[PDB]
Every structure is written in structure tokens, then in C-alpha cells.
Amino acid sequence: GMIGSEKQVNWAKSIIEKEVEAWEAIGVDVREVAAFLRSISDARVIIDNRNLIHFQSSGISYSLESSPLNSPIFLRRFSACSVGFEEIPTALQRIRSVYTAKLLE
């Protein structure tokens, strides 16, 4: 499973679940992003990036548009301890497109 002390693994898992909850509160399919976050297997990387990745439930549109998960350069930091990072910028484009259309419809 996730690498790190028992304290770090406990902390990292609560960070990931909090983020997955934020993404799932949007109301459109985010399964690909939730699976990516749950695949991150290094507690120290999760903890160090807990604030940088944070998704703000106030202002969903801006949170989606400005998320560092949009950035391939940012996602390199997960390249050795995650699954599916190569597709995550594409996934955010789709999610932004779907959520934007839901709001505008």
C-alpha cells in the first residue's frame, strides 16, 4: 500500500479522501480523478502537496480552471507514485466542459 509511517499514511489518506469528497461534490462524473488521487502511493508526496492540490468547494468553476491537475509539469511530481497521471489534464478538460455546460444549459 501507501509508503510512509503509520502517522503519515493516516494523514495522507485523510487528505486524499477529503479531496475526493470535494471533487465528488461537484455533481458530474469525476471517477477518473478520484481513482488517480486514490492511486497516489507515497504519503510524503500527498502531505507535501496537500495545499497545492486542494480543491475549493466555493467557486467550483475557478477551482476546476485553476487546479494544478491541469498542468503536466505539476503532475510530474506524481509520476513515480501514482497511476494515470498522463491522462489527468485531458480528464480535467472533459470535466470542465461537462460541468460548464451543465451550469450554462
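One rule holds for the numbers: they count along the sequence shown, beginning at 1.
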Per the PDB entry, mean CA B-factor is higher for 11-19 or 85-93, namely for 11-19
Averaging the C-alpha temperature factors as deposited, the higher value of 37-45 versus 61-69 falls on 37-45
Among the modelled residues of its chain, the C-alpha B-factor of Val30 falls in the third labelled middle
On the chain's distribution of Cα B-factors, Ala101 falls within the third called lowest
